[PDB]
Amino acid sequence: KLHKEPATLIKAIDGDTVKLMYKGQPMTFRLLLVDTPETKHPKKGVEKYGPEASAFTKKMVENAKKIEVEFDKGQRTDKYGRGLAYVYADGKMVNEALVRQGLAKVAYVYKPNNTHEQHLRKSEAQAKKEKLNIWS
């Protein structure tokens, strides 16, 4: 059973990355199960819709009253020390909202961190069916 925990926004860094204050400790977070276009891509730099996915996440977490993070069943941090989780802005999961707006694809899943994979896959299909942003 997964549970939500309190977190405080420090700074939005990219469409898939946000810096939060978790349990008194400043910490970078990578949004689970999603690949959004990047502005900080190591090789390409700024991709299409990259700036859009970036502003979307920024506003959403910046205009929220409550921010909560939800870890999955597997590893809680990736090899870069980033926290791996589902982020919620006033009850709405940022991961799903990005995918629903066609501003991100469902990343390659690595068990056992796939609890919401089904949920996200449906939203991506709906977004594709609507040809939103990335899908147009």
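Residues numbered from 1 in each chain as written, not as in the entry; some residues may be left out. Heavy atoms only, no water.

In the nomenclature of the PDB entry, the protein chain is known as Staphylococcal nuclease of Staphylococcus aureus.

Chemist: Help me understand the UniProt feature "active site" in the protein chain in this model?
Modeler: The positions that UniProt labels "active site" are, in the present scheme, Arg30, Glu38 and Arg82. Note on placement: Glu38 falls in the loop between β4 (34-35) and α1 (50-62). When sequence neighbours within four positions are dropped, the list of residues in contact with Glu38 reads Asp14, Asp16, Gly45, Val46, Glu47 and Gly50. Within the element layout of this structure, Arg82 appears in the loop between β5 (67-70) and β6 (83-89). Here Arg82 falls in the partly exposed class, since its relative accessible area comes to 23%. Side-chain polar atoms of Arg82 contact the side chain of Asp78, separated by 2.8 Å. (UniProt positions renumbered as here; feature names shortened; annotations may be inferred. Helix = DSSP H or I, 4+ residues; strand = E, 2+ residues; numbered from the N terminus. Contact = heavy atoms within 4.5 Å. Buried < 20%, exposed > 50% of the residue type's maximum accessible area, 1.4 Å probe, protein only. Polar contact = N/O pair within 3.5 Å; in protein donor to acceptor, adjacent residues only side chain to side chain.)

Chemist: How should I be thinking about helix α3 (residues 117-130) in this particular structure?
Modeler: For the α-helix, the turn length of 3.6 residues means that residues three or four positions removed from each other point alike. Under the 1.5 Å per step criterion, the end-to-end length of α3 is 20 Å for 14 residues, consistent within 8% with the ideal 20 Å. Among the residues making up α3, those that are buried are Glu117, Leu120, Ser123, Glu124 and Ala127. Looking straight down α3, one finds that the buried residues subtend no more than 130° of arc, so they occupy a single side. Along α3, exposed side chains directed more than 90 degrees from the buried face belong to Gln118, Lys122 and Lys129. Contact partners of the buried residues in α3: β4, α2 (94-100) and β8 (105-106). Looking one or two residues past α3, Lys131 carries a phi angle of roughly 55°, positive in sign. (Expected span 1.5 Å × (residues − 1). Arc of directions from axis to C-beta.)

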